[PDB]
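**Q**
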Amino acid sequence: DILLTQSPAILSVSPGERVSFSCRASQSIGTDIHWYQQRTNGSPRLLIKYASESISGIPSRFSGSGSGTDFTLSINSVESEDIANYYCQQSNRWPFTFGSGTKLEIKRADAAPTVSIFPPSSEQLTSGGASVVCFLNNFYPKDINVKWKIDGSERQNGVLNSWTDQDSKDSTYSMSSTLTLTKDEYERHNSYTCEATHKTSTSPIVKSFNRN
Amino acid sequence: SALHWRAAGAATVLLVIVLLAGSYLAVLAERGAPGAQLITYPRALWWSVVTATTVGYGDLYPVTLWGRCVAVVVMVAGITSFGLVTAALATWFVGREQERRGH
Amino acid sequence: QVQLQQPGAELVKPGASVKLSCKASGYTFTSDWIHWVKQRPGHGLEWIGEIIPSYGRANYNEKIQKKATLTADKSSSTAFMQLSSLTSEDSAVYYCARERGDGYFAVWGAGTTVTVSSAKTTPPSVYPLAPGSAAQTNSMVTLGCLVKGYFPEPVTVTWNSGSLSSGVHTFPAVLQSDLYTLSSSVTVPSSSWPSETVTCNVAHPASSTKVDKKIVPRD
Amino acid sequence: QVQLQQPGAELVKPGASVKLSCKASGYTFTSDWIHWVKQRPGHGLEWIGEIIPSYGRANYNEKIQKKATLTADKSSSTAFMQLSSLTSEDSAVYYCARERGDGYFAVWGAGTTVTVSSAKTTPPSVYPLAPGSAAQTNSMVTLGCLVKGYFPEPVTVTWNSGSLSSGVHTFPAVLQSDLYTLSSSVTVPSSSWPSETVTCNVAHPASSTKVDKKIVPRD
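Chains as they are written, first to last, in PDB author numbering: chain B, 1 to 212; chain C, 22 to 124; chain A, 1 to 219; chain A', 1 to 219. A prime marks a further copy of an entry chain.
#1: At 4 residues or longer, and completely inside the stretch 140-191 of chain B: list those alpha helix (DSSP H) runs for me, N to C.
#2: For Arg-45 (chain B), report the span of its beta strand (DSSP E) as first-last.
#3: Note down the Cα distance separating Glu-50 (chain A') from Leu-70 (chain A'), rounded to an integer number of angstroms.
#4: Since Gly-66 (chain B) sits in a beta bridge, which residues does DSSP pair it with?
#5: Can you check DSSP and say which residues form a bridge with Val-126 (chain A')?
#6: So, using beta-carbon positions, are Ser-102 (chain C) and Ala-57 (chain C) closer together than 8 Å?
#7: By the three-class DSSP mapping on this structure, what secondary structure does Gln-39 (chain A) have?
#8: Please confirm if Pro-83 (chain C) has its CB atom under 8 Å from at least one CB of chain A.
#9: Straight-line CA distance for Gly-42 (chain B) to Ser-21 (chain A')?
#10: Can you give the Cα-Cα distance for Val-188 (chain A) and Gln-65 (chain A), rounded to whole angstroms?
#11: Considering only their Cβ atoms, is the gap separating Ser-174 (chain B) from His-204 (chain A) smaller than 8 Å?
#12: Does the structure place the stretch 115-131 of chain B close enough to the stretch 129-137 of chain A that three or more beta carbon pairs sit under 8 Å?
#13: Give me the Cβ distance between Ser-52 (chain B) and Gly-64 (chain B), rounded to the nearest whole Å; I'm assuming they're in contact under 8 Å.
#14: I want to see whether chain C comes within less than 8 Å of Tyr-55 (chain A), judged by CB atoms only; does it?
#15: Taking a contact to mean a Cβ-Cβ separation below 8 Å, would you say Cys-145 (chain A') touches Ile-34 (chain A') in this structure?
#16: Anything in chain B within Cβ reach of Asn-61 (chain A), meaning under 8 Å, just list it in chain order.
#17: Have a look at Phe-209 (chain B) and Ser-191 (chain B) and give me their C-alpha separation to the nearest angstrom.
#18: Would you give the residue range spanned by the alpha helix (DSSP H) that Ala-31 (chain C) belongs to?
#19: Does the distance from the CB of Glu-51 (chain C) to the CB of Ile-60 (chain C) come in under 8 Å?
#20: Where do the ends of the alpha helix (DSSP H) carrying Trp-193 (chain A) lie?
#21: Assign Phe-114 (chain C) to one of three DSSP states: helix, strand, or coil.
#22: I'd like the list of long-range same chain contacts for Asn-201 (chain A), defined as Cβ closer than 6 Å, with 5 residues on each side in sequence excluded.
#23: Could you tell me whether the Cβ atoms of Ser-69 (chain C) and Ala-47 (chain C) are closer together than 8 Å?
#24: Closer than 9 Å by beta-carbon distance: list the chain A residues that pair up with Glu-81 (chain B), in chain order.
#25: Which chain B residues sit within Cβ distance under 7 Å of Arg-52 (chain C)?
#26: Under the three-state reduction of DSSP, which class applies to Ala-72 (chain A'): helix, strand or coil?
#27: What's the gap between the Cα of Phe-135 (chain B) and the Cα of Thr-5 (chain B)?
#28: Per DSSP, which one or two residues make a beta bridge with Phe-171 (chain A)?
#29: Roughly how many whole angstroms lie between the Cα atoms of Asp-90 (chain A) and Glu-62 (chain A)?
#30: With distance defined between alpha-carbon atoms, name the residue in A':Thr-122, A':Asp-178 and A':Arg-98 nearest to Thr-78 (chain A').
#31: So, using beta-carbon positions, are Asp-170 (chain B) and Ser-80 (chain B) closer together than 8 Å?
#32: Considering only the beta carbon of each residue, do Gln-124 (chain B) and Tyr-127 (chain A) sit closer than 8 Å?
#33: How big is the Cα-Cα spacing for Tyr-95 (chain A) and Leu-45 (chain A)?
#34: Report the option in A:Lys-148, A:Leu-4, A:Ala-16 and A:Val-141 whose CA atom is closest to the CA atom of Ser-195 (chain A).
#35: Taking the continuous alpha helix (DSSP H) assigned at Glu-105 (chain B), which residues delimit it?
#36: Here's the rule: buried if 16 or more other CB atoms are within 10 angstroms of the residue's CB, otherwise exposed. What is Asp-219 (chain A')?
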């Protein structure tokens, strides 16, 4: 069964620069390699067939090249929409096989987060729960720290964070900190704050609100 | 139309059906055999012709029983056809040498 | 016209089995093979198997345990894959894809998220996130809605039934007490709200539940 | 008889395009392919593409961006290569070469130096270098001429229109304020000068300028 090897697994390039993804076959497969794009939460999308041939639909920015065992997908001038997972796939011998895949990743200019605090909802509260949601949005690089303070005092229990994969709209990252309590515990504290420490500022970006 | 000419015509039609059916079935036999290469219709089609002609490059060939059974039918069709044309041409020529002697 | 149509989700009890559908529209041929491709979370694409609906022959990945059995309904243009005696190993997205017998996967379904657990299905709870009163707005304003206490995966979140794409983050779920929870974020100019409306539509395939929620200012 | 004839130079503004010529003399056949080969400075030979002027079919290096488009004029025996939307990456010498369809490049042109910049063309300034008065001569005497404030590359320097080859260094240009500058050196026996004449001929293809300068003793 033919083995498809995609090194490197991650590829960091700069906006508008040329990028090339390598796919090596364990043995000559002629030109019977096909390349697919998979963005986050998307299904695969045929970019190139038989190593080099365009699919209509696909930017002219995308080309393939190669024969036998060495294959190459190239993007002349990468842009954010190009952020995805690239796979190669052979049709030369049964059974068809896939590459392990390679992540395209853009290094952009540094971007400070836009922070946004959301008091729990009167719809939520009425079901004996309260969740304070802070959004850290469109920052770069992806390294960031989110601290919770209740009435000045730092909090760590009841806190679950999620980071988005790099954004295919702008090469930025985003994150959601959600502080979860019971109506009771939320009712008996004044101020909730959500501080963001990011390389773009020596001073934390803070956002608070008082239940009153 | 004289018979020899019909049967060649018939055999050319019938050869084409064998080349197409052959391509379809070769792929259908060969998928599931690990390492089989005779596993896409277009090059199957090329394989069928390089087979019926007895050219037989070996760039491609079947490795399963039914592939081989399909291959054996394509060959025979090929050879029978390319020998009924000969038999027909031989009967056309014989006829023409009979007229050129007065018979 | 979406060519390959697949369920969003199937929940399956460990040891149990499940039949995945794949209804196909657009040009069909005799020649056509339907393929199935397994993708576990944070892992890549694995080829399971293939079937030719016209002659009904199928082939499968020898290299992995043979859970699956493939079938087609020539009349209803559908392929089925029968994954039997599942465990958590088998929890994945299963794509189906159409190959013209020339070697590439021209078109794929949206796939089916198959979750192997003993837990009950739970539609999500949806809740607005309109700013606090004492929050100063820029040229833009960030709204959101919070989709919590749902199982299994996945959910689909959109804004104004799809007309709002620009300015939208949906965060990956986190899991806590056999329940998933995530937020989605939308950023419209400060003027276009709430004079123009902003509604978050939240589909949960495994419960056959969709819900709307409008993000109005706090009263 | 020079078989492949190519321009010395073309200056091109970044983003712009350029058509390189290659007029062929000597035996032509139907069979013949014209090839183009790119050489960036201090790097080696890269195959761009090929065309058969008789049937007009061309093929190109997939492995590199497809800047080029190839054409021939069957009547005027010329091949053209159309490099479009250039940048500094594309600044190279482009050789054309004739292959009889048997695999080797029997004969090459002198190539065309293509320079992608926004700067204006500048013919060079040529100046003698005859020794200082207080310099004692050996059996040999070194003369030279200085070719400065020219753009773009290249220039060709000879001595007595080519009859003087033995004893001649030409130094690689240096670049300083969007202008090139180089010297050439000639070493004739101390006797054969200035009783016999010594003249430095300096062609600058991109300005269509050639100039002579005689190296006479300082007055």
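Here a beta-carbon is modelled for each residue, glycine too, at the ideal position from N, C-alpha and C.
**A** Per the coordinate set shown:
#1: With a minimum length of 4 residues, the unbroken runs of alpha helix (DSSP H) contained wholly in the stretch 140-191 of chain B fall at 183-187.
#2: Position 45 of the first sequence, counting from 1, holds the residue named residue 45 (chain B). Per DSSP, the unbroken beta strand (DSSP E) holding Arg-45 (chain B) starts and ends at 45-49.
#3: As a working mapping, residue 50 (chain A') is identified with position 50 in the fourth sequence. As a working mapping, residue 70 (chain A') is identified with position 70 in the fourth sequence. C-alpha separation (whole angstroms): 8 Å.
#4: By 1-based counting over the first sequence, the position of residue 66 (chain B) is 66. According to DSSP, which records beta bridges pairwise, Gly-66 (chain B) is partnered with B:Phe-71.
#5: The count along the fourth sequence starts at 1 and reaches residue 126 (chain A') at position 126. Answer is A':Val-147.
#6: Taking the first residue of the second sequence as position 1, residue 102 (chain C) is located at position 81. Taking the first residue of the second sequence as position 1, residue 57 (chain C) is located at position 36. No.
#7: Counted from its first residue, the third sequence places residue 39 (chain A) at position 39. Shown here, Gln-39 (chain A) sits in a strand according to DSSP, grouped into three states.
#8: Within the second sequence, the letter at position 62 stands for residue 83 (chain C). It does not; no Cβ of chain A falls within 8 Å.
#9: Working through the first sequence from its first residue, we reach residue 42 (chain B) at position 42. Working through the fourth sequence from its first residue, we reach residue 21 (chain A') at position 21. Those two C-alpha atoms are separated by around 48 Å.
#10: Counting from 1 along the third sequence, the entry for residue 188 (chain A) is found at position 188. Counting from 1 along the third sequence, the entry for residue 65 (chain A) is found at position 65. Roughly 49 Å between the two C-alpha positions.
#11: On the third sequence, residue 204 (chain A) is found 204 positions in, with the first residue counted as 1. On the first sequence, residue 174 (chain B) is found 174 positions in, with the first residue counted as 1. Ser-174 (chain B) is positioned such that its CB atom lies no closer than 8 Å to that of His-204 (chain A).
#12: They touch, by the three-pair rule.
#13: By 1-based counting over the first sequence, the position of residue 52 (chain B) is 52. By 1-based counting over the first sequence, the position of residue 64 (chain B) is 64. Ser-52 (chain B) to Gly-64 (chain B), Cβ: 5 Å. Contact.
#14: Along the third sequence, one-based indexing puts residue 55 (chain A) at 55. So yes, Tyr-55 (chain A) belongs to the interface.
#15: On the fourth sequence, position 145 is the one that residue 145 (chain A') refers to. On the fourth sequence, position 34 is the one that residue 34 (chain A') refers to. Cβ atoms of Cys-145 (chain A') and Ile-34 (chain A'): not closer than 8 Å.
#16: Translated into the one-based positions of the third sequence, residue 61 (chain A) becomes position 61. The answer, in chain order, is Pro-95.
#17: The residue you call residue 209 (chain B) lines up with position 209 of the first sequence. The residue you call residue 191 (chain B) lines up with position 191 of the first sequence. Taken atom to atom, the span from the alpha-carbon of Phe-209 (chain B) to that of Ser-191 (chain B) is near 6 Å.
#18: Taking the first residue of the second sequence as position 1, residue 31 (chain C) is located at position 10. Note, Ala-31 (chain C): alpha helix (DSSP H), 24-51.
#19: Here the question's residue 51 (chain C) lines up with position 30 in the second sequence. Here the question's residue 60 (chain C) lines up with position 39 in the second sequence. For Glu-51 (chain C) and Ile-60 (chain C), yes; Cβs fall inside 8 Å.
#20: Residue 193 (chain A) sits at position 193 when you count from the first residue of the third sequence. Segment: none, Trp-193 (chain A) is in no alpha helix (DSSP H) and carries neither H nor E.
#21: One-based indexing of the second sequence puts residue 114 (chain C) at position 93. Helix.
#22: The residue you call residue 201 (chain A) lines up with position 201 of the third sequence. Apart from sequence neighbours up to five positions away, the residues of its chain that approach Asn-201 (chain A) with a beta-carbon distance below 6 Å are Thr-158, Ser-161 and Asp-212, ordered along the chain.
#23: Working through the second sequence from its first residue, we reach residue 69 (chain C) at position 48. Working through the second sequence from its first residue, we reach residue 47 (chain C) at position 26. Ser-69 (chain C) is a Cβ neighbour of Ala-47 (chain C), given a cutoff of 8 Å.
#24: Numbered from 1 along the first sequence, position 81 holds the residue referred to as residue 81 (chain B). Under the 9 Å cutoff, chain A gives no residues; its nearest Cβ is about 12 Å from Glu-81 (chain B).
#25: Residue mapping note: residue 52 (chain C) aligns to position 31 of the second sequence, counting from 1. Simply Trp-94.
#26: Numbered from its first residue, the fourth sequence carries residue 72 (chain A') at position 72. The answer is strand: DSSP assigns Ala-72 (chain A') an E or B state.
#27: Here residue 135 (chain B) corresponds to residue number 135 of the first sequence, with the count starting at 1. Here residue 5 (chain B) corresponds to residue number 5 of the first sequence, with the count starting at 1. One C-alpha to the other measures close to 38 Å.
#28: Counted from its first residue, the third sequence places residue 171 (chain A) at position 171. According to DSSP, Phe-171 (chain A) bridges with nothing at all.
#29: Locating residue 90 (chain A) in the third sequence gives position 90, counting from the first residue. Locating residue 62 (chain A) in the third sequence gives position 62, counting from the first residue. Straight-line spacing of the CA atoms in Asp-90 (chain A) and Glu-62 (chain A) works out to 16 Å.
#30: What you label residue 78 (chain A') is simply residue 78 of the fourth sequence in a count that begins at 1. Restricting attention to A':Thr-122, A':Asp-178 and A':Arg-98, the CA atom closest to the CA of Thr-78 (chain A') is found in A':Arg-98.
#31: Position 170 of the first sequence, counted from the start, is the residue given in the question as residue 170 (chain B). Position 80 of the first sequence, counted from the start, is the residue given in the question as residue 80 (chain B). Yes, the Cβ-Cβ distance between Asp-170 (chain B) and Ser-80 (chain B) is below 8 Å.
#32: Reading the first sequence from its first residue, position 124 is the one you call residue 124 (chain B). Reading the third sequence from its first residue, position 127 is the one you call residue 127 (chain A). Less than 8 Å divides the Cβ of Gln-124 (chain B) from the Cβ of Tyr-127 (chain A).
#33: Locating residue 95 (chain A) in the third sequence gives position 95, counting from the first residue. Locating residue 45 (chain A) in the third sequence gives position 45, counting from the first residue. A straight-line Cα-Cα distance of about 9 Å links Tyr-95 (chain A) and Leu-45 (chain A).
#34: For the purposes of this step, residue 195 (chain A) is taken as residue 195 along the third sequence, with counting starting at 1. The shortest C-alpha separation from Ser-195 (chain A) is found at A:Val-141.
#35: One-based indexing of the first sequence puts residue 105 (chain B) at position 105. Per DSSP, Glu-105 (chain B) belongs to no alpha helix (DSSP H); it is in the beta strand (DSSP E), 102-106.
#36: Position 219 of the fourth sequence holds residue 219 (chain A'). When all chains shown are included, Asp-219 (chain A') counts as exposed.
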